[PDB]
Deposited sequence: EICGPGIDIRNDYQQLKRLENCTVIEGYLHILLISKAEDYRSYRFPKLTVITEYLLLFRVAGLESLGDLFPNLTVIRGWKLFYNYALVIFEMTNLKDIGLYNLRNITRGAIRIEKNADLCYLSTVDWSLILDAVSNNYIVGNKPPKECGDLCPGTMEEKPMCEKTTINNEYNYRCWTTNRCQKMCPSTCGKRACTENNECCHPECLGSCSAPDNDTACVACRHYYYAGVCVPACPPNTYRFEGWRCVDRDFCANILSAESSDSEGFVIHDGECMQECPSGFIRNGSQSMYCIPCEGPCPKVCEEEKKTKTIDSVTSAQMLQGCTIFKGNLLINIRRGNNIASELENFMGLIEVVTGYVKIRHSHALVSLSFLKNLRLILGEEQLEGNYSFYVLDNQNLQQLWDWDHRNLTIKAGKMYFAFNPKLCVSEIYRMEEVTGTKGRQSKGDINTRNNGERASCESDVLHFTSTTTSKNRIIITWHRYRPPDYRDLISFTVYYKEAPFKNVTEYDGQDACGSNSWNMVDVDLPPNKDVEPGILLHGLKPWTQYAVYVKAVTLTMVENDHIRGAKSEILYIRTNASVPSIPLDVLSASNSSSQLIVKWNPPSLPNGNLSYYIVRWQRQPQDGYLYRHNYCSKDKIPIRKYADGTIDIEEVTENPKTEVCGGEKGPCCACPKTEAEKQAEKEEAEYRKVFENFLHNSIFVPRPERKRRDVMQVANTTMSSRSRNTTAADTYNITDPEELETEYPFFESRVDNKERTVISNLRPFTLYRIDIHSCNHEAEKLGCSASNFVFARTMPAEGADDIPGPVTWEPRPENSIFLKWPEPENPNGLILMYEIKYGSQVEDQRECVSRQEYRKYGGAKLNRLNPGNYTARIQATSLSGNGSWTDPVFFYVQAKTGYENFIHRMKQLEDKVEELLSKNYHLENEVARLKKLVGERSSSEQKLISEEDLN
């Protein structure tokens, strides 16, 4: 049967036995923290063919291979992902290999396989034919690749049984575990699955088939499954479900949950963005006018919001059928998360109180609050009521928002940093121009310590580079020039021109903006300015300047200036390297090269220049004498024994104030009124709006360095990019390594013999070895000949044989691998 949701095995092998009735899992299937049960080879689950979301394995002790758990697991669909990963293998002790030898086609996600100290057969898997996005894998830690051995089945037997495929420069047999190969379909079944005996699957199939060209024989479907038939899309009587199957409305009505809903042909737990149920509990949905109106009623009439998580039960809302009492103190992430929880609240039917909310500098987190109905009111008919907010500075951006109060008075008290002009502008737009009077707006305690009037710091000049902005503004001098102590320049990455000052800034010190200070220039002719550096090319920054000033005169005679928020786009630049160049040759003379966009798109990416050049072979291989022992996989033993602060700025302000007053005392007391190496040709091509290309007309098994440069609308001026590069290997030509002529034997003095064979015409790289198997009626003896020995003598000597019906066969080992064994040669030794 089908199983789910979300299988989770968490303590012991006995809990695994939930799986043996499961062939498809409509969930993840975690297995975590299992202690070794000493039941060994028990607890196999061969019924399992598909995991829909993601397989996650953590700390499962004693599990030597997942092929023992899920021998027939064929597809991990990745409909839901574990942080973009569909297969996760973390801290899995004793795990020698992944071993999921029937896993063919992971439909979505990446494969993180982390810190599994004994895990081998990772590099033997060509995930590029299991996965579309190998670049996201993150195979970090595990057993070091130099210590794995990774021998494929048949390799140690000299009878390799697995397929080979190029991953960049590397071309070796592909395997899941020491005994089993990775199953790959022949080239004829283009983008199809196939059965075990090579016969192509039905086009709508996935992974494997019991019988070819049959919709009913699939172990997994691409697109959808219905009554055993794989289907491109659900038959019109049925609806798509959990990313993999078709179920009738009579099924989707019966799932426990208001029940599941049907929309755009698929059945879901809740109807998606912009759609709402027909009415009450009903299966069909309609598009919504705005975000779909949700009532958010609470049995408590007044919902207190006193911590950032206390608003979490709003979670997304449209109409709060009660009253709000915001009370937020501390937390430093407040507005950016209060907007996550409450920004969608369009209507508050009761009153809104903002009391002791010392964290908030702006109520703009209540982004979409269009109405406060005030059907219920606190006391004295108050409907919007803020009290004792030590850091409130703004209510809403009244240049943009049209809040309205249907009934009740507005009230504001003890808001040192929130200006009475701002609360008046609120009442000018909220429809409350005459509800409250006198003491409701006392003006004694609101804005008492706020900069409520500002001159404009006009930007005089701007200059940009790939990583710099140099900006200046008009010379500002308040009536007392002394009280301008510095300018603060606030800049932030602002892709869109809607950023106001209070995008953050909640009273916890640092905020979303970066900021840097400019002292008043000593030379009166020089204009103030800043060089912002460390910026990103082509990105738009919101930059604005504020004058840091004293308050000595009070009575609002302080005039703290602001600049207008200037959106400056840094110059477009040479793009960074195009990330994760990866290549695979589906044929000799061809190379599919794929990559990802550059880490920084330093301009509107126009195209990519792909640049392939051949590479010389000799300077590593041509003298290596491969018929001698390589360095053994020796293991390493363990080794390795044994921004100015607010207080600072307040100190500067206080020292400036004390200097000002003492200069005043100076003047008013002193002054008295009178009474084979070659550089192969480059090749270049331009690819537009496509992060992959098929380089063609190449050589058999030839190493091509592929440079890739991303380009933007500045390419003619600045060049394209620093090359990201991959050394790509073309697929070998079949049979190009088998000897092109009949081998010959010839006599030598004493018991020795000589054998001679011609060099291959177009070898798949250098022929680094020639193996000779020889013996009488049995190839009882091995020998091998280096490339150098052939370049010396042609053939090779066989030493001190015995008379008999001796036989020999020869096999060239090129850089791609061994070619076909030659036809046998018969020879004998004289008496």
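Next item on the list: Write out the missing regions of the deposited sequence in sequence order, one range per stretch.
Entry: Since the structure holds only modelled residues, the stretches it omits are 258 to 263, 649 to 672, 706 to 740, 897 to 952.
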